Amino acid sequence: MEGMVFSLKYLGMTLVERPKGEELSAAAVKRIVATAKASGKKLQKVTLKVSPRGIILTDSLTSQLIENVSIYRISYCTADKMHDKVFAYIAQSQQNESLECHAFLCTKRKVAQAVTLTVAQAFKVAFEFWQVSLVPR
């Protein structure tokens, strides 16, 4: 799997209490979107690079790393039903056991779907590396 790049806008994050499920992500995305709309600020432009290794988030203006999210930390991803331009993932924090939903605004529903499908491929290919005791690449 070649690493795929998307240039999105970061809506923000909220904690969730379980790692997987649409009930969780739907409510998280509702919260994050309402907070971003009330912010009165333009969203940070972020680039996502998706591969079986995980998701690399970089600030688009500076190309500086925000976070390299290991594939083993990410439990779930979604193209949201209600807020259909939003792609989100849930991942456990690197530094403790808390679970965070991070949401990104795409230009179009089709892009949110493409990002979700690309992340699904990364989960599948990482799993296949894992089964044969190889490092995901």
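In this text, residue numbers run from 1 along the sequence as written.
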Between 73-81 and 43-51, which has the larger average Cα B-factor in the PDB entry? 43-51
Using the B-factors recorded in the PDB entry, average over the C-alpha atoms of 117-125 and of 6-14, then report which stretch comes out higher. 6-14
Chain-wide C-alpha B factor ranking for residue 31, given as lowest, middle or highest third: middle
Entry-reported C-alpha B-factor of residue 61 relative to its chain, by third, is highest
